[PDB]
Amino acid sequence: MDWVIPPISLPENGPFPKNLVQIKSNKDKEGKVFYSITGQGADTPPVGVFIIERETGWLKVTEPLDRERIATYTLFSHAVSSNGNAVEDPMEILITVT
């Protein structure tokens, strides 16, 4: 377990994409790591509300949230190396809308 997850609280507004926090795995100290996210808000409805920069780990919200209607988003972050092999188990990330 080498996931480093900063505190995520949704903003209050743009322009979009809007950066939330930068997620990372300390495994990046041993090799290049690539990031992805799955879950509601990511790859399941509502789709694409959140996206993550594959190389930087920057998690972003893509639209004003008044456009969506769910209370919380349960995302899962993934970390793999060039070959696609996972360097961490997926980490659950709960984002609550206020």
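Numbers for residues come from their place in the sequence shown, where the first is 1.
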For the stretch from residue 13 to residue 14, please bin the deposited residues that the model skips: none, 1 to 3, 4 to 9, or 10 or more. 1 to 3
Comparing 14-22 with 73-81, where is the mean C-alpha B-factor higher? 14-22
Stretch with higher mean Cα temperature factor, 62-70 vs 34-42, is 62-70
If you rank every modelled residue in this chain by C-alpha B factor, which third holds residue 1: lowest, middle or highest? highest
